[PDB]
Amino acid sequence: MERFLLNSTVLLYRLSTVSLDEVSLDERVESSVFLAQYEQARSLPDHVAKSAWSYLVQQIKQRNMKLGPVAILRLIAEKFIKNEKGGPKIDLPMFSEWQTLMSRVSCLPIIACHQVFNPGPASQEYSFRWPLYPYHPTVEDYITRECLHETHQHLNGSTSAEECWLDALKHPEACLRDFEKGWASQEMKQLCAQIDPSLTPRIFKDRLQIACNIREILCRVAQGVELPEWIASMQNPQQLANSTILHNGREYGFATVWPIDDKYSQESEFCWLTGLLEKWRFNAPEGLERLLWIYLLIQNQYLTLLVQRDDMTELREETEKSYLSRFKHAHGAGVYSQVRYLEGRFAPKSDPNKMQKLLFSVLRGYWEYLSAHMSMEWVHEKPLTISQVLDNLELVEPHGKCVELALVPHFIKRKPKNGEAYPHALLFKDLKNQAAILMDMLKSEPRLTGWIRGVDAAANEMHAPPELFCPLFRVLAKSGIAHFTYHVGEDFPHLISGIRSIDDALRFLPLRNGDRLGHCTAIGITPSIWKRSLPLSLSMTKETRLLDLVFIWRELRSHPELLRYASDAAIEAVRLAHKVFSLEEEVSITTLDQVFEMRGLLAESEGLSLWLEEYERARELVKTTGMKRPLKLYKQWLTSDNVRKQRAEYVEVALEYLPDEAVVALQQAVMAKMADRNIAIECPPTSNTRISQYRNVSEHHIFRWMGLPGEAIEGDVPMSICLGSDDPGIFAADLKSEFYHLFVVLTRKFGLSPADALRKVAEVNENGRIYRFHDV
Amino acid sequence: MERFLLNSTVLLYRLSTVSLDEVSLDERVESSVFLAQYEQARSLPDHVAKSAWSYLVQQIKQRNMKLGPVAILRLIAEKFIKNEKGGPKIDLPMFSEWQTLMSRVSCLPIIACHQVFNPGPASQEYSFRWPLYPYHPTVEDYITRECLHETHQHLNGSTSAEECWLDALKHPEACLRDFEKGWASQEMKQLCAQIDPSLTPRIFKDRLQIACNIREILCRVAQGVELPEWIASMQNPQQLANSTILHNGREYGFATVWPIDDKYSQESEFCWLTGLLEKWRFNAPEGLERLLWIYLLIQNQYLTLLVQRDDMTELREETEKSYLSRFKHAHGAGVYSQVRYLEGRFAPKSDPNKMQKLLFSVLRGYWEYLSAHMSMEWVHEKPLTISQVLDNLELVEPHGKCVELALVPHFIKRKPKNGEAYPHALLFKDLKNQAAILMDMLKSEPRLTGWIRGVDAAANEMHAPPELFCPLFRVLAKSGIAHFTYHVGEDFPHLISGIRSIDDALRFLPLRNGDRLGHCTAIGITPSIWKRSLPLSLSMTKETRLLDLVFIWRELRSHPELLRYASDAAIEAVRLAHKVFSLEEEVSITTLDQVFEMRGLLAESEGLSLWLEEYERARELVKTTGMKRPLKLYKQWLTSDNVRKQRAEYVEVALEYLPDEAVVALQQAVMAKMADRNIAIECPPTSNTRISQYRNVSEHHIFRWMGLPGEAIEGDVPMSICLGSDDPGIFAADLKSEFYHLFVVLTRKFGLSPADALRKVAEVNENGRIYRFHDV
Amino acid sequence: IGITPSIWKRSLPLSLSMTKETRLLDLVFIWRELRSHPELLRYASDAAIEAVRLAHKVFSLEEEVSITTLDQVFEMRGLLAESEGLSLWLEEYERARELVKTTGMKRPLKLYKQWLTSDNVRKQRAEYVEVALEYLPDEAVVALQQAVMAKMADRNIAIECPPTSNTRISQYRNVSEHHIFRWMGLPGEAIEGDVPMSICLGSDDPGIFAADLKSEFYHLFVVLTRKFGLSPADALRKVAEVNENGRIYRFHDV
């Protein structure tokens with residue numbers, strides 16, 4: 001019930017619109033908790049929620065406290081945080097629930113409450129920058145010996161959501177413009193309405209202003225200075241939405257003086273809350289206590305909005321400082337970095353000048369991190385340019401006590417616009433342009449090949465198929481990129497479609513030995529779990545259905561137990577192809593296979609500088625053999641309006657079109673291809689629950705990949721799995737947190753020994769070192 | 001997506017507040033569908049919903065239709081309803097999905113659309129009164145041979161929700177007063193807010209008035225008469241909330257003339273919709289099409305509100321007509337009744353005059369049903385009183401071709417008020433009073449014992465424990481009731497608590513051979529399913545925790561594999577009893593058991609006409625033995641304010657306090673006691689999903705009770721299970737529908753032969769005849 | 001928890017002497033661990049019954065005391081004596097005092113007060129009783145050892161093993177009989193049901209004139225390779241695991 005109190009749109013609305021004169025809101029807060037509980041967790045029974053609320057109220061009453069943010073934070077701090085040899089830690093049994101709580105509530109008020117009421121031993125100096133972790137001697141010993149390796153680290157944005165919230169307070173206008181820019185899209189409107197139906201940019205401005213004003217008022221309370229007496233006119237919380245209070249006809253401001261020069265820093269945020277909670281140890285004024293409650297609710301709702309949206313001026317506000325903070329966060333506390341190999345992902349920019357500034361800022365921040373930790377001779381104390389930064393960076397030797405940085409830009413796929421010859425034309429031109437700036441820069445600075453180590457494509461799978469990036473990747477390979485990773489968007493209309501998508505990526509993309517694929521959930525999730533809460537029939541496009549049909553026939557045409565399914569797939573695929581192509585001749589399943597074999601060829605090459613050489617190479621390889629009828633069919637597949645109209649048409653496919661054994665066989669066939677090609681998998685953090693079929697962390701497919709008994713299916717081919725913390729789905733997270741989360745689940749729910757659990761997690765962690773993109 | 005279009009608060013709000021001049025609302029309806037889908041079914045992935053909506057829009061476009069109620073009803077009718085030998089039926093594979101749809105959408109518009117666009121063979125006469133059923137020759141043959149038996153039929157209210165909706169239109173004021181009377185309670189406010197946050201009695205009045213006005217306007221359209229030209233002033237749907245339209249300064253009414261004298265009857269409802277859909281076969285006006293959409297949305301939301309709320313003037317509006325319709329509905333179509341033994345449940349009234357009128361109306365309606373179907377000599381053609389009704393009814397012989405009626409009033413438990421000596425004093429006095437009128441009537445008409453065959457208690461389990469009704473049942477037994485059934489409310493804070501509740505009912509209640517218990521889900525649901533979507537720790541009162549602790553020790557003190565759990569339960573129960581009783585002596589677990597053995601004794605008897613004889617009988621049985629220390633402890637348990645305060649206090653209990661094997665052992669121990677005492681179980685309909693842990697019908701615990709492989713657990717003791725359709729949870733339902741639903745699930749999901757599936761369902765059905773309360 | 005009952009009984013009298021305090025505490029411990037063991041319900045029931053009878057003598061009380069009440073009194077042993085009778089030291093004082101008064105029982109608290117501050121109770125506690133050597137069979141004692149093994153592993157507490165060259169045990173007639181090899185999981189040495197534990201190398205009192213941690217490392221390797229017939233790689237792996245437990249469970253600041 002604590003998470004509902006600290007995160008509820010209904011409670012925030014009922015607290016931000018009601019005047020502070022009222023003091024007895026227990027009934028209405030209770031109603032808010034029940035409404036939030038039903039909205040967020042409907043599967044929870046009503047009587048269980050009522051009993052939990054009754055226990056919570058009794059617990060507060062027995063502690064001589066009052067229902068509010070202070071009491072709730074105190075109960076959470078005792079429930080989760082205790083003091084150990086390394087400072088404040090999280091109980092190993094309680095870490096899984098803590099991660100679930102971190103998806104809804106920010107931890108900074110909780111740790112501040114813990115410091116106030118349960119201080120560390122001997123009053124030793126303590127600083128809260130990194131998220132809290134549990135402690136196990138085996139895990140700490142392994143981390144100190146073998147540092148953690150990150151394969152997917154988005155360098156854009158901030159390390160966590162909480163300092164993003166402070167950034168929003170620091171620059172309300174910049175975040176407001178970004179919010180409105182996203183809000184114009186319909187997806188953001190739906191997402192905001194899901195979180196809060198009564199959410200508008202006007203209300204967003206009001207809530208941001210109210211939270212900032214509450215911060216200033218409570219800063220005066222926490223600092224110890226007396227209130228400036230305009231609080232008498234302060235009766236309604238909505239008066240803080242305009243950044244000025246009218247008292248006796250005078251316009252009074254809200255900002256005050258802060259001891260730290262950075263009033264929006266993490267340390268200022270922690271110090272303010274610790275002081276405010278210390279002064280409210282025994283009692284608090286009701287109006288100001290509600291003000292703290294409103295601030296926490298506004299902050300938590302903003303953090304939820306940010307994390308769900310994640311998966312110019314604002315960028316220039318931090319620039320190299322954000323990257324420097326990222327590398328310090330990856331380093332962690334102590335002289336020795338907890339992370340050795342870190343692969344940074346950044347969004348490519350079509351502007352060459354913006355690109356040069358972007359990589360200069362990232363590389364300069366990396367040099368700043370190295371110079372702060374390592375004291376050595378530098379060629380340029382103030383490089384101010386990429387060339388001098390590389391001059392300083394080339395003096396650094398691989399020693400393992402610091403973070404080793406590899407840069408992998410991730411191309412962003414977009415929606416396929418109507419017409420425009422082949423379906424993905426404008427998107428391909430944009431990606432080709434972005435590659436062009438990347439290539440001309442690499443030839444303009446050959447030393448950048450030692451830092452620009454890979455190319456990624458992570459937007460979504462429906463918008464662009466894997467065969468789109470094949471000419472892009474092949475031409476980029478000749479530019480010295482030397483590594484390629486492709487994100488398989490796991491929003492497949494059918495499980496077979498996702499398995500086909502991974503197979504298509506292996507078939508067409510030029511993934512060499514040691515390459516990686518991103519988020520291969522389709523071959524990881526079992527059919528039984530995937531079918532949870534799904535309609536008995538599923539909808540997908542004719543193009544996707546036809547491709548899945550050919551894939552099913554190819555994999556299963558020999559399986560004696562599954563010759564039903566392959567023969568049926570081949571027959572009905574031929575019948576579907578007759579509708580899609582509108583052809584009148586006879587087409588066998590073999591001919592359909594050949595047409596889909598040449599999918600990787602460029603559209604212009606199919607119709608027929610590094611780019612041109614790839615053009616005739618694909619063109620000649622389509623003409624060496626004596627068949628042009630499949631080539632003609634592929635031309636009709638690409639550049640026929642009737643075919644495109646048929647392709648975009650949706651068909652109705654049953655949920656259990658193939659039995660679970662058949663789908664598992666397809667997954668294992670792709671497993672064999674994945675292992676034979678030696679391609680690693682960047683597993684998402686297990687705390688990220690966008691799958692929506694996993695009702696607990698123990699049901700995650702990584703444990704099936706780990707070969708756990710009960711989880712692994714007979715016939716599964718072992719694969720290389722890496723740890724990638726790109727979108728953790730929780731406010732405060734780290735690669736260490738994911739490492740501990742996997743260890744905790746293995747030890748507790750699966751009942752593994754600490755050594756055995758460490759061995760399995762270490763194997764996954766070391767796969768990020770074996771399959772790293774860093775230059776050797 | 002069809003269910004979201006026909007049932008969505010967001011869509012209804014966006015359609016009832018926007019003027020009819022707008023014609024292109026496809027984008028905003030699409031947004032409404034996504035918001036409703038996320039709110040109702042969040043576990044469904046976003047991309048799946050988008051693909052389904054795209055297919056639905058394409059399906060409508062390819063049919064040359066327009067997005068609206070007409071097209072949606074057409075698609076549903078073809079998707080579910082087809083014509084067979086018995087008329088319009090439901091596909092056997094599609095019946096499970098149809099039942100799920102019936103929980104959200106009324107079927108009457110769907111069947112009307114089916115009749116319009118897919119008429120029956122040879123244009124044969126067809127009447128829609130009963131809900132649609134699937135057809136299987138084995139099931140029909142069994143029903144004709146062995147009629148269905150109902151053990152739980154609430155005679156109050158109407159047969160289904162749909163004619164309740166027409167009753168609301170018939171008497172808007174009566175339903176408005178009932179709605180406001182419920183709305184004063186906080187539970188109704190929470191329930192209405194969950195269904196619709198912006199729902200108030202003022203809005204409820206507006207929506208009822210709008211729906212009635214839409215019905216009148218579309219009645220003129222369906223009848224063929226031209227609109228009376230005030231539609232020009234009709235631009236905004238909210239103008240129908242005041243039952244009068246201002247056109248050119250004149251107050252024009254909405255009511256029109258209907259061909260049938262009963263404008264609010266089912267036949268009038270069906271005929272109106274069939275005519276309106278027939279006149280809109282090819283095209284419909286946009287404004288009136290939206291009006292039909294708004295009417296369907298309002299009706300569906302009201303039906304959802306009614307079914308969730310279910311589990312004076314309005315009663316007098318129907319009176320004996322409702323009971324007569326109930327018996328005709330139970331009889332079904334054909335000369336021979338599909339139901340033979342029907343046990344009617346009615347709410348007892350504290351007013352003797354109201355009670356006499358209530359039973360007179362029910363019995364007279366039963367005589368009307370018998371006289372309509374059977375032509376024979378009657379002593380009184382117009383009895384007008386109970387005595388003459390029984391004079392007519394005693395001439396009817398048991399022949400099996402008609403419905404045999406047994407009356408079982410169900411006592412309603414209430415909240416325990418504070419203080420008042422023993423915890424349940426005012427409730428016990430109210431129940432004792434209600435029993436008093438029942439008893440004096442039975443002695444005033446001894447022939448009523450052949451119709452008043454049982455006594456029930458079905459409100460909830462937390463509000464009143466089973467031991468409350470023990471003096472009530474024992475005294476009622478001496479009055480000639482001869483049967484007793486007790487409803488075990490399945491909102492237990494813990495699974496052990498529910499198992500203890502069933503055990504307490506068997507231990508204390510005077511359930512003789514052939515008696516039944518209602519809704520024994522606690523011993524039916526497996527621990528694995530029950531733990532779904534539950535917090536790691538659960539909250540319950542100290543009284544409930546202590547009783548569960550003693551129960552665990554009693555059952556498991558000998559189990560060699562479970563001597564951990566019994567010894568731990570006994571030790572910590574003794575420690576808990578020290579806190580609750582605040583005693584300073586030494587209390588063993590045996591002494592605690594003895595104190596809880598005497599729970600069934602009356603509170604006044606514990607402190608120490610048919611009622612008095614029970615008083616000294618319990619008093620003397622507590623004094624025959626030489627122990628009064630457990631008696632003294634029970635006195636402190638009943639009449640000590642400190643003990644009551646401790647009892648109402650809540651404790652924190654882990655979810656996995658006992659392993660699944662231990663909980664299953666407790667369930668099987670109660671299974672053995674249930675079978676040894678030969679007590680049947682009235683199973684709820686499987687279409688009623690208030691369990692919230694069952695994500696599909698195949699996961700229901702009735703199949704575990706049926707002994708199905710995979711579902712039944714080793715060591716389970718077979719029990720007698722009866723079919724009781726009290727709260728089906730769907731708008732249109734019947735005992736036949738539940739029979740078909742069980743047969744469909746057994747044949748399809750469990751892969752049983754039609755003969756084998758029929759045998760299992762027949763065994764459950766015939767248990768309602770073996771354990772019937774009817775006089776032999 | 002390392003030495004097997006068979007080796008420990010070597011060269012011991014058929015009956016052993018211990019104080020009434022120690023005997024009573026062992027009796028409660030036996031009942032707590034074995035009250036569920038179906039093969040050992042003799043020993044737990046006998047321990048509980050005779051513990052209650054012993055407590056009657058020690059406390060000289062006349063009321064009825066169950067084994068559960070005795071358990072509660074010995075649960076509060078960790079509380080401070082002054083706190084039981086009722087700066088960093090004071091905060092611990094009321095913390096133990098309040099935790100003894102949150103619950104509604106003071107009769108076990110009163111019994112613990114008599115256990116601490118009653119001259120008759122102390123005189124009874126210092127009195128010695130006669131206990132047979134084979135009071136519990138080797139299976140029962142091994143079960144107690146494995147129960148503590150499970151608690152040791154669940155709490156993740158390491159064991160600082162003494163050097164094997166230190167023969168103050170007096171029941172080990174050769175180094176190959178040392179209990180560290182049972183902890184190492186060696187065949188023949190490890191008993192069925194043993195819970196693996198973390199064992200560290202600690203050279204505090206080697207028992208020989210010239211010794212080192214290297215000498216103990218070589219001694220374990222030599223015994224594993226020769227007397228137990230293990231491969232040099234296998235023997236090194238087992239000794240390395242024990243050696244690296246001193247790094248995983250080290251007290252040094254990280």
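Convention: sequence-line order gives letters A, B, ...; per-chain numbering from 1.
Across all non-hydrogen atoms, the minimal contact from C:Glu64 to B:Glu586 is O-OE1, 2.8 Å.
Considering only heavy atoms from C-beta on, C:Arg35 comes within 4.5 Å of B:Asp568 through its side chain. You'll find the side chain of C:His37 reaches within 4.5 Å of the side chain of B:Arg564, heavy atoms only.
Between chain B and the options C:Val65, C:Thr69, C:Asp71, heavy-atom pairs under 4.5 Å are most frequent for C:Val65.
No more than 12 heavy atoms of other residues, nucleotides or ligands shown are found within 6.0 angstrom of CD on C:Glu160. When the shell of 6.0 Å around NZ of C:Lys123 is examined, it contains more than 12 heavy atoms from other residues, nucleotides or ligands. Remark: C:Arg122 CZ is loosely packed, at most 12 non-hydrogen atoms of other residues, nucleotides or ligands lying under 6.0 Å away. Around CD of C:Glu130, the count of heavy atoms belonging to other residues, nucleotides or ligands within 6.0 Å exceeds 12.
Heavy atoms of C:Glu63 lying under 4.5 Å from chain B are absent altogether. Looking at B:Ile589, there are no atoms closer than 4.5 Å to chain C (heavy atoms on both sides), in backbone or side chain. Contact of C:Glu33 with chain B is made through the backbone alone, with heavy-atom distances under 4.5 Å.
Residues in residues 525-538 of chain B take part in these salt bridge (charged side-chain N to carboxylate O under 4.0 Å, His left out) pairs, two or more places apart or across chains: B:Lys531-B:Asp660, B:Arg532-B:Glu699.
At a heavy-atom cut-off of under 4.5 Å, chain C is reached by B:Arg575, B:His578, B:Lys579 from residues 575-582 of chain B, listed in order of number.
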